[PDB]
Every structure is written in C-alpha cells, then in structure tokens.
Amino acid sequence: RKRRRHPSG
Amino acid sequence: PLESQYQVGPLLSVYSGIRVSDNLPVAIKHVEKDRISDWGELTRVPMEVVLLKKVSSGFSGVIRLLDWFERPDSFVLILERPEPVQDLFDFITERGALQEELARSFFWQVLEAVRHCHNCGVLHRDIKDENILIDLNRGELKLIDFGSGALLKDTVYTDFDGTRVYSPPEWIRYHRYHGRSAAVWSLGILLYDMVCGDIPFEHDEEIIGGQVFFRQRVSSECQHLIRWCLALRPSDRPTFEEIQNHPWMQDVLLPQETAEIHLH
Ligand SMILES: O=C(O)c1ccc(Cc2coc3cc(O)ccc23)cc1
Numbered sequence: 002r003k004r005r006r007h008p009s010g
Numbered sequence: 033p034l035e036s037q038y039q040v041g042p043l044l051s052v053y054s055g056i057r058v059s060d061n062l063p064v065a066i067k068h069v070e071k072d073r074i075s076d077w078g079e080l084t085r086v087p088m089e090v091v092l093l094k095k096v097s098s099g100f101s102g103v104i105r106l107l108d109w110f111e112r113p114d115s116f117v118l119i120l121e122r123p124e125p126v127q128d129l130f131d132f133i134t135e136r137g138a139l140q141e142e143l144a145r146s147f148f149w150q151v152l153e154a155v156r157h158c159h160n161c162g163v164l165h166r167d168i169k170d171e172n173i174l175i176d177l178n179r180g181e182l183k184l185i186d187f188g189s190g191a192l193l194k195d196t197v198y199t200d201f202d203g204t205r206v207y208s209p210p211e212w213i214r215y216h217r218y219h220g221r222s223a224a225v226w227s228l229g230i231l232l233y234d235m236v237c238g239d240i241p242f243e244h245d246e247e248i249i250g251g252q253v254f255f256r257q258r259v260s261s262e263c264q265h266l267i268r269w270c271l272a273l274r275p276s277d278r279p280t281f282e283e284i285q286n287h288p289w290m291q292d293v294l295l296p297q298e299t300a301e302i303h304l305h
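Given below as structure tokens:
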C-alpha cells in the first residue's frame, strides 16, 4: 500500500 | 545583515545553517512575499512570524524562532535545528506501525505542544507527522511549520490551507470549522497514523463517511480514543482534557525514557 506525503500550502 | 551572521548550508525552501556567533545549528526558512496568505503586525510581517513569536519560549515542544529578516521579495526565518533529528513521517515509514507505548509517548508530547500553542493564542491548523520532528537523543518531539496557522479564535473559520487528508469532515462538507475541534480531528488522524503505520483516509468520501477500519492490531482502549477524536460531529469530539484523561493515555513515558527504550 502506497504511503505518501500530502502537501498543504 | 543575514549573510554575515550565519553560515548557510545546502538545502534540507529550508537550508541547513550554523550561527557564526556560537556555531549553533539553525534552519534557514525562506518564504516568498508573493505567496503569503495572511499578514499580521507585531511592523507588518507574515502571520507565520506572528504565531512563531507568540509560541516562542522555554517550552521545547514547539520549534523556536531565533530571528527573522525582511528582504525585498521574501522573509527569512532563522529556526532552531535539533540534531540528530528525523521527522515523524520518515520515522513511521521506516519503522512501520509504532508500539503503543511509543505512540503514547509521542502523542502525549504532541498534545502538550498543541496545548502550548492554544495557550499562546495560536492555532496550528496543519498537525501531521510531516510537521513533527523527533529529537532522537532526547526523545523530545517538536511541532514545526506554522505556515498554515492562524490566531486562535472561538468563532467559525471559513478558510483553510493545511493538509486535506487531516482536515475534518465539517470542512469537507461545509467549508467551516472551529479551531479546537478541528485540531482534535487531526490528532485522531495522527494517532491512527502512529499505531497503524499510515493515515486512515485518502479521499473526501472516506473523511465524511464516518467508518474507521484498523489495519493493524490496536488495543480496544486506543481504538476507542481514535474513534472518539474522529467523531463526525465536532461537538462529539473529546476536549484536550478528555484526551489526556483517557485510559489509554495513562502512565506515559518520560522523554528520556522514550529515547533510551525506543530511539537509542
Ligand atoms: O517550517 C518550519 O517551521 C521548519 C522547517 C524545517 C525545520 C528544520 C529541520 C531540520 O531537520 C529537518 C528534517 C525534516 O524532515 C524536516 C525539517 C527539518 C524546522 C522548522
């Protein structure tokens, strides 16, 4: 399962 | 002058740096004026500088703003840099789902840091594992990146620029939220992330759906706290006091115990 960051901004 | 007081290093727009006055490790964060959402006064400065000053003190749970400079097209923020560090996102990626004892210690430290923010009149609005640094030798956590924050108020918020997968369902559905209850939701996402190895929701339908599936073995006590923080109705969520009085949150490790047991 692909764990990834999530940009905010 | 900025270039004289610090030795600027390579990238980490944040750069490694050393304060020439005493060889102190610093992080040098550059923020372009054209991309700045909200401004405040202290002297017109980015809201991020206002919030960082209000939380700067002896409490080691939030990142300390050491200095700042204004340039024609940008502001430069001199932040403290602990060493050695890893952010909580990379920590969870490498180690997977954390033991509940470790998650308890980490989560408790985040709660104390967020309470510090609120006590200083500051709402972070972007609590997530990416925005948490782990002092690997002292076992102390630091909340970073106030770039999405606002002054804490008790009235409704209608703007938001934090991380959507940590944002609450009242923001998804109605584009409105209150500060503390939205914060508790993001802490529910963070706690699940700690004990399961990744966040529970990726899509808006999951955020508003109201069902939490546990992909890892998690104690009934911890599951209950997570589900309470992730209540769909904001008023059904626990206060910070109820979180820290919850049965799962008892007998927390000290930061140095946490480092000796889990980090060294
Ligand atoms: O925006 C802020 O407030 C902020 C940004 C950066 C740091 C310094 C830092 C040192 O090592 C790191 C490793 C990381 O994975 C992430 C950040 C850092 C501190 C604060």
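So the protein sequences, as listed, match chains C and A.
Take the position in the first sequence, starting the count at 1, then add 1; the result is the number in the deposited numbering.
Residues 33 to 44, 51 to 80, 84 to 305 in the deposited numbering are what the second sequence spells out, letter by letter.
Here a beta-carbon is modelled for each residue, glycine too, at the ideal position from N, C-alpha and C.
| query | result |
| --- | --- |
| Residue ranges of each alpha helix (DSSP H) within the segment 115-196 of chain A, 4 or longer | 129-136, 141-160 |
| Contact test: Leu164(A) Cβ vs ligand 1 heavy atom, cutoff 7 Å | no |
| Paired residues, beta bridge with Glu70(A) - DSSP | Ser115(A) |
| Cβ-Cβ distance between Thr280(A) and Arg4(C) below 8 Å | no |
| Contact residues within the segment 107-135 of chain A, judged by C-beta distance below 9 Å to chain C | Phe130, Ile133, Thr134 |
| Contact residues within the segment 202-213 of chain A, judged by C-beta distance below 9 Å to chain C | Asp202, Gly203, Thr204, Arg205, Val206, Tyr207 |
| Span separating the alpha-carbon of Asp239(A) from that of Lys94(A) | 32 Å |
| contact_flag[the segment 60-78 of chain A, the segment 142-161 of chain A] where n(CB pairs < 8 Å) is 3 or more | no |
| At least three beta-carbon pairs within less than 8 Å, the segment 98-110 of chain A to the segment 172-183 of chain A | yes |
| Members of the segment 164-186 of chain A near chain C, C-beta cut-off 7 Å | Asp167, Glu171 |
| Cβ-heavy atom distance, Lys95(A) to ligand 1, below 7 Å | no |
| Top-ranked residue by Cα proximity to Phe110(A), from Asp128(A), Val293(A), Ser36(A), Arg166(A) | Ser36(A) |
| Within-8 Å CB hit, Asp239(A) to chain C | yes |
| C-alpha distance - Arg268(A) paired with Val253(A), whole-angstrom precision | 7 Å |
| Against chain C: residues of the segment 90-104 of chain A by CB proximity under 9 Å | none |
| Proximity test, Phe201(A) beta-carbon vs ligand 1 heavy atom, cut-off 7 Å | no |
| Three-way DSSP call (helix, strand, coil) for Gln297(A) in this model | helix |
| Extent of the continuous beta strand (DSSP E) run through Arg57(A) | 52-57 |
| Given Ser261(A) as reference, the closest of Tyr233(A), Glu243(A), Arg278(A) once Cα atoms are compared | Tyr233(A) |
| Straight-line Cα distance separating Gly188(A) from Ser208(A) | 15 Å |
| Contact belief for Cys263(A) with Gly229(A) at Cβ below 8 Å, rounded distance in angstroms | So it is not a contact: roughly 11 Å between Cβ atoms. |
| Segments of 4+ residues assigned as alpha helix (DSSP H) that fall wholly inside the segment 219-254 of chain A | 220-237, 245-250 |
| Residue-chain proximity (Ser189(A), chain C), Cβ-Cβ < 8 Å | yes |
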